[PDB]
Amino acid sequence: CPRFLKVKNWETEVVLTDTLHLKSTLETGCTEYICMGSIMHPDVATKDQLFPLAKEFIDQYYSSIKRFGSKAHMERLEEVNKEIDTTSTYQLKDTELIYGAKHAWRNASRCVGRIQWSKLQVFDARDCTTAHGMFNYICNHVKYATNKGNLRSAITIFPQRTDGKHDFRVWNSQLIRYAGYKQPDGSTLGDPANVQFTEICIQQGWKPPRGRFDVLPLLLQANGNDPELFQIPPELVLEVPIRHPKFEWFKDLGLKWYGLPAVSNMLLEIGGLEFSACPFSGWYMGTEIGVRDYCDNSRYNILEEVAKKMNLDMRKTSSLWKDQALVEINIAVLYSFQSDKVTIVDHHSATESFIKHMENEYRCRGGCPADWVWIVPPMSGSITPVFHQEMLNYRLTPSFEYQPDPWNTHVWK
């Protein structure tokens, strides 16, 4: 592998030099002959597998605190090694847990929000034993991160995997999401993305209000036991009704969205350890709501109704009625969040911040892994600076990974 790789920005002519790719760990999916960069997704560690993974992480941590090679570094290596020897696993120190969580975000190639990576509040929930305790930790997380609309990024880390039969899992894909209900006539009420999970909740005992914006309950699994349902206290769920600065009729669509984006189905890998329940939250980029949640054909799919109320000609695609309506919806989302003083970032500001972040990471860290397919926003791509920015994608650890949906693997008791 070449020692230096160059990326160019075709708008500004700036050339950056990447050396950090030499620390790349796992596989991208690509080969010399095929690129899988647009593919969305392209039994535990043995003692022998765990030793080198832990050492790599411990070495990285002690290098970051400028104590590489120190007595405390060598002693930490020996203590971890003994622990892996006698128990087949090991426990992270609190400092190492925090460092690992921040760096999994720092390394998340698909995240445009990483300029914030070092300001992550880490909640250590490794003492949790029950689904009720998970609910308590999650409620505290949601309250802290929401902060009356002055949102603060945060992660809550539940106990790591042991033998794979005692996993902690949040069955929700996000902590706060709206239910979706398939109707006998084929239509869907609510969010079509969540129909499968909604049906699971109903079978587990949830009584669904069957509305358009019903906050789903938490479905929480502790220590490999069957998951249990809990209702998030509604006063902890900050929501924003969507209105438009010019179009008085926009509020009559009855749209609203929740303020806190909180991913809860990913796995956090630190030093070979696997944290299968690690819900983390930030704040929204407006297009995540205004383009994807609202205008995806397979989601709320409101382009039609908005275009109608805008009195656009919808018979020819070349009138760009979809495009025109999409912008108004995204204007409404940003205006409504700003009016209610709920943190949100538009796609222009976020991508400009990410370029500055990337350049800083290249200069101070030797690179910044980035997934262009995900970094470029889903509207107006080429009038954002990331569109013209060449990027290198590679996998560094600590990392957030996808994992199978737990209902596909769980052994019901």
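Just so we're on the same page, rigid core means the largest C-alpha set that superposes within 1.5 Å between forms. Heads up: residue numbers just count along the shown sequence, starting at 1.
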Fit on the core, then compare CA atoms: does 289 to 297 or 118 to 126 lie farther from this form in 8 other deposited structures of this protein? 289 to 297
Please indicate which stretch deviates more in 8 other deposited structures of this protein: 180 to 188 or 127 to 135, judged by C-alpha RMS distance after a core superposition? 180 to 188
Cross-entry absence of residue 56, a third or more of other PDB entries: no
Coordinates lacking for residue 27, a third or more of other entries: no
As recorded in the PDB entry, how many deposited residues are without coordinates between residue 42 and residue 43: none, 1 to 3, 4 to 9, or 10 or more? 4 to 9
Would you determine, from the values in the PDB entry, which of 122 to 130 and 310 to 318 has the greater average C-alpha temperature factor? 310 to 318
Mean Cα B-factor check, 99 to 107 vs 209 to 217, entry values; winner is 209 to 217
Entry record, C-alpha B-factors for 154, 179, 253, 263; the maximum is at 253
For 55, 347, 365, 47, the deposited C-alpha B-factor is largest at 47
Grab the CA temperature factor for residue 165 from the record and place it in the lowest, middle or highest third of its chain. highest
Within this chain's modelled residues, let me know which third the CA B factor of residue 403 belongs to: lowest, middle or highest. lowest
Could you look up the Cα B-factor of residue 51 in the entry and say which third of the chain it sits in: lowest, middle or highest? highest
Of the three thirds of the chain ranked by Cα temperature factor, residue 23 occupies the highest
Please place residue 158 in the lowest, middle or highest third of its chain by C-alpha B factor as given in the entry. lowest
